């Protein structure tokens, strides 16, 4: 079914560590999606995928260095979720 989009905001200048996204979902599910943002007038996507563990938790990490400096916002997208999946929270962490 339908893609789920979550607007995010980050530092435009701090590129230390990892964009860290926590999802809660059906235990043992498969899921995938992206982080999407505009840079230089163009839409760019960094894909993620992962399975929820036995507790229904999924942590996705994307290194910050993959996102150009000067980008401060975009969308976390869920594309495929075998069961249920929600994004509970995100931040840049080291």
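Residue numbers count along the first chain shown, from 1.
Mean C-alpha B-factor is higher over 19-27 than over the other stretch, the pair under comparison being 19-27 and 70-78. In this PDB entry, residue 32 carries a Cα temperature factor that places it within the lowest third of its chain's modelled residues. The entry lists a Cα temperature factor for residue 52 that places it in the highest third of the chain's modelled residues.
When the CA B factors of the chain's modelled residues are split into thirds, the value for residue 93 lands in the highest one.
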